[PDB]
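Inspection log for the structure reproduced underneath, given as structure tokens.
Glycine also receives a Cβ, built like all others from the backbone with ideal geometry; neighbour counts cover every protein chain displayed. Rule-based calculations on the coordinates, nothing more; no lab input.
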Amino acid sequence: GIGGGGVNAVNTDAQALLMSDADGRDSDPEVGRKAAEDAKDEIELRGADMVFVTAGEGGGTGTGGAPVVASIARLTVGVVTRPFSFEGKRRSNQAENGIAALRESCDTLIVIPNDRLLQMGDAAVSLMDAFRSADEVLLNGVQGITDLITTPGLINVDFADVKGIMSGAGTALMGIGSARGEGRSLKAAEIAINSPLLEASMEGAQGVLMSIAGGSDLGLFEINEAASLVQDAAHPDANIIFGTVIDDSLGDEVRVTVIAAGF
Amino acid sequence: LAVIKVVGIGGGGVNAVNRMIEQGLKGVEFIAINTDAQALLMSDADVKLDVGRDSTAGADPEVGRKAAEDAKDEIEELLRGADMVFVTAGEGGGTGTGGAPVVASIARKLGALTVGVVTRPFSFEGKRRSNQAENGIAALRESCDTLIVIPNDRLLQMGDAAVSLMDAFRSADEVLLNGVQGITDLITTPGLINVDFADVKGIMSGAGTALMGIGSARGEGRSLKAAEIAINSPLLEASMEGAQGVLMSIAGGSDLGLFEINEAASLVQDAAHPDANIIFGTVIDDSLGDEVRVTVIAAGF
Amino acid sequence: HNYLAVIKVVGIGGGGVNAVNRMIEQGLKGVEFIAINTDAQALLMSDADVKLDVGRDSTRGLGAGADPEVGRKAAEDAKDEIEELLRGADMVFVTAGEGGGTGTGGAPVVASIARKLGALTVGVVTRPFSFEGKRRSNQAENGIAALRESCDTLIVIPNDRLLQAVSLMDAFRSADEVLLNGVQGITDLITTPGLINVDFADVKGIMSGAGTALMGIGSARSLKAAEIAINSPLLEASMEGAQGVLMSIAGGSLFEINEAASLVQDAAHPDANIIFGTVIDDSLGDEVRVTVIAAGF
Ligand SMILES: Nc1nc2c(ncn2[C@@H]2O[C@H](COP(=O)(O)OP(=O)(O)O)[C@@H](O)[C@H]2O)c(=O)[nH]1
């Protein structure tokens, strides 16, 4: 993530650029401008059709340097992070402006509040479990919607389906959930819509891309259970795209990742 | 006796009327209507009709509608003078979805008792399809007299375990036929109790929004159990309760009992609304030997 | 010392014959199976060792009336042919699905013919479903009544408790083999014994003169599959005084064994009597059958 707390998540400062796992150097929000902001043509976009922006708001240029990627071609949807309550008024003062161009020059954004992520863990955590125990959720809004095209499985979804509903959609939330043992797919879908993260606003939206993962074990009958919980669930006149995923490291778990759009 | 001409519009219909043919389904005449002429090469329909000048019914029911209409005559020659005319399909796409409201409408204008036997999409089959299907079902109901609908959703219970997609629509391939088989055999292969075309006419006529269930069994009280399950078939949705019009049929071997017929029938009417009009029908089918089938058809609400 | 036990199992009426073929297909051995029925349609389709036509063949749309007078008639009418069929048996199981007619009223006869001959006679039968109507539940209680006073031992199993709506259609015709597990529940101890053998004579004491009995199985590895059987509602929880209990286990291989044995007696009045046993049925990996018959009241 193009940020002094968004780099440390993916799995201007000199000692930060040199930890990017795939194979400048002189540093506040506006730091991303004459240390970060490079040319008008830096995607002459080449080898693929999307990449994501994991540039939240929990460090350095995650505010003034985040929307450097937003105007990159004014399709890409950023998976951000609104700051915790206790992380000061100064980081909260960098809230709207650090997201404003991420929802004026960028396609769509998924404003994952770690404030609300208090319900994901055990009881108490730390600042070190705000870019670690909030990587799990931070990958979700990404991985949820990549896996439909990279690794589908028992059901498939086009390139043009995601990019035909999640295109320039601006305001967007998600909602995730997990389950093992019986009822798996409907247990986790009923977690997915009730998860303190979609802010109970799916019914207001007009376009939802439900994902659902698990082994190749994953029955065709389980998938039909979750699918129903959507036709009732969202506005009864929306644009919904289902679709499945294969991940055989889950075995018995089924990663039901819902994503919202169309407010 | 009676001229039964089964028509399978849609790709799903034309695919399902093949299953009919590859099962025998006597006393009918098969007609496959679809847009991509290519797809009709694989049909074993005795008659095949092509309805597509240009489409490059590409997921748009309104092509299918127009297609059905621009071949309004082609069909009204295929359907001329025919006591019983069926119009099975897969609602969801376009060729069926749009068409059936015509082919059916055409049979009905031709005075032929017209029975629809269509399916609703799996909800995994996307959300568009549902809505496509949904106004298309509203379209038959308002066109053909009876419309047995079979929600696929319901077809896939947990007692059909790790299935597939081929197996899925194959599970439907049987079920479409079953709402046909169990109305036609009455007329086309009546066993000990005759129920002539006329009877089915009066129960089916004007009814609509019909449902159906199926149950086979054997052993002690076989016909009770085979009937019991059909009553409880999820494919009905607790509807038996209130159906003012019920068509049953206890298809079994030549030597099927009266005591048997009686107490399976007597198990149906009791579920049914107590005012409900009812009809027995037995059918001779040797492929069972030791077992019996039962196909209650709730109709009118 | 000719270790041979002559064990036969007759399936009377559709219920019995159905059940006997379910026994044939699921691979019970060491036993002559017998199908007796009124319709010769279903007899020729059965794979029973010896099939017997008793009922007068009846014109289309009669016969199938389910009047246990007519079944009782049919066997008493062909009582000779039944006497020879079960002649020099050692132990004769008698299975049926009560409520009906032919099996309802036919079992009483065949059971009581095994008795005069001098077999250990056993009745493994079922009480029809509650939805089948009052006439059958009536017609069953009388056929049960007779068979209780014909067989040395009778195992009655409600097909109503054997259900617990959509897919419990495959909870009668694939749940009736409770009858089968009822039979091999005793048979497979003598015919295919395990690491603890318990021959015919062990059984002859703990059955001859009981009258009434009940059963329950378990699937499994054997540590956690043992409780399963006694607790199974099928047994009516009537292990607060089952005065004469039998128990069996099937698979590969003492610790496994004594896991369950260190439990059995902890149930009913242990002043009575219990018999253990073992079976070699290599048709099952981690699974091991844990059948428990509970006689004597
Ligand atoms: N019974 C049956 N249903 C099918 C088959 N293939 C697909 N379906 C279902 O029927 C629906 C209708 O599609 P279809 O009739 O092929 O589209 P159309 O030919 O353009 O009307 C689909 O959404 C599927 O859920 C099949 O072979 N048999």
One would report the antiparallel percent of DSSP beta bridges in the protein assembly as shown, rounded to the nearest 5, as 20 percent
Amide H neighbours of C:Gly211 at under 5 Å, excluding residues fewer than 5 places away on the same chain, with H built from the backbone geometry, are C:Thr153, C:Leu154
So, over other residues within a Cβ distance under 13 Å of A:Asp247, counting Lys, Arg +1 and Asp, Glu -1, the net charge is -4
Quotient of Cα radius of gyration and Kirkwood radius for the protein assembly as shown, i.e. Rg/Rh, equals 1.08
For C:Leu28, B:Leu288, A:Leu229, ascending order of other Cβ atoms within 10 Å (fewest first) is B:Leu288, A:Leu229, C:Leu28
Which of B:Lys48/B:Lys127; B:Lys26/B:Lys201; B:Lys225/C:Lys29 exceed 23 Å between C-alpha atoms? The answer is B:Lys48/B:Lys127; B:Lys225/C:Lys29
Of all DSSP beta bridges having both residues in chain C, the percent classed as antiparallel (nearest 5) is 20 percent
Semi-axes (Å, rounded, descending) of the ellipsoid equivalent to the stretch B:197-298 per its C-alpha gyration tensor are 22, 15, 11
Loop-resident chymotrypsin sites (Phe, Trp or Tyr not before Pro) in the stretch C:1-94 with no more than 14 other Cβ atoms inside 10 Å, DSSP not H/G/I/E/B, are C:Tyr3
Around C:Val109 (Cβ within 10 Å, Cβ-to-Cβ, excluding C:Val109; K/R +1, D/E -1) the net charge comes to +1
Between the alpha carbon centres of the stretch C:45-124 and the stretch A:81-132 the gap in Å comes to 80 Å
Among the stretch C:136-176, those whose backbone N falls under 16 Å of a label point 7 Å along Cα→Cβ from C:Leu234 are C:155-164, C:170-176
Among the stretch A:29-72, those whose backbone N falls under 11 Å of a label point 7 Å along Cα→Cβ from A:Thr146 are A:50-54
Least to most buried among C:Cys151, B:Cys144, by other C-beta atoms within 10 Å and fewest first, runs B:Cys144, C:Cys151
Going from the fewest other Cβ atoms within 10 Å to the most, one would list B:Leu78, A:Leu209, C:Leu179 as B:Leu78, A:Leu209, C:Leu179
Scalar couplings 3J(HN,Hα) for the stretch C:71-79 by Karplus 6.51 cos²θ - 1.76 cosθ + 1.60 (θ = phi - 60°), nearest whole Hz, x for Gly and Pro, are x, 4, 3, 3, 7, 4, 6, 10, 5
Cross-link reach from A:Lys40 to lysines, straight Cα distance under 27 Å and at least 8 residues apart if same chain, gives A:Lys163
In this structure, the FRET efficiency calculated for C:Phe297 and C:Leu263 from their beta-carbon separation, with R0 = 30 Å, to the nearest 0.05, is 0.90
For C:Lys73, the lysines lying under 19 Å Cα to Cα, once residues fewer than eight places off in the same chain are dropped, come out as C:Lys51, C:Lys116
Taking every DSSP bridge whose two residues both lie in the stretch B:197-298, the antiparallel percent to the nearest 5 is 55 percent
Computed about the Cα centre, the charge dipole of chain C from +1 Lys/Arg and -1 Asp/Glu charges at the Cβ has a magnitude in debye, to the nearest 20, of 560 debye
Taking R0 as 56 Å and r as the Cβ-Cβ distance between A:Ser71 and B:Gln23, the FRET efficiency 1/(1 + (r/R0)^6), rounded to the nearest 0.05, comes to 0.35
Using eta = 1.306 mPa s and T = 10 °C, Stokes-Einstein with Kirkwood Rh from Cα pairs puts D for chain C, in µm² s⁻¹, at 83 µm²/s
Given the candidates B:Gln132, A:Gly62, B:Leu156, the one whose Cα lies deepest towards the positive end of the charge dipole of the protein assembly as shown, counting +1 at each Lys or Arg C-beta and -1 at each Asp or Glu C-beta, is B:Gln132
Karplus-derived 3J(HN,Hα) from phi for the stretch A:115-120 (6.51 cos²θ - 1.76 cosθ + 1.60, θ = phi - 60°), whole Hz, x at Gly and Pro, runs 3, 6, 5, 2, 6, 10
HN-Hα couplings for the stretch A:150-157 via Karplus (6.51, -1.76, 1.60; θ = phi - 60°), in whole Hz with x for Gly/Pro, come out as 7, 9, x, x, 6, 9, 10, 9
The rounded separation in angstrom of the Cα centers of the stretch C:226-297 and the stretch B:237-301 is 44 Å
In nm, the gap between the two label points placed 7 Å beyond Cα toward Cβ at C:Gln164 and A:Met50 is 4.7 nm
Here the whole-number average of other chain Cβ atoms within 10 Å per Cβ of B:115-127 is 4
Answer in debye to the nearest 20: the dipole magnitude of the stretch A:95-161 about its Cα centre, from +1 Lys/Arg and -1 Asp/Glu charges placed on Cβ, is 100 debye
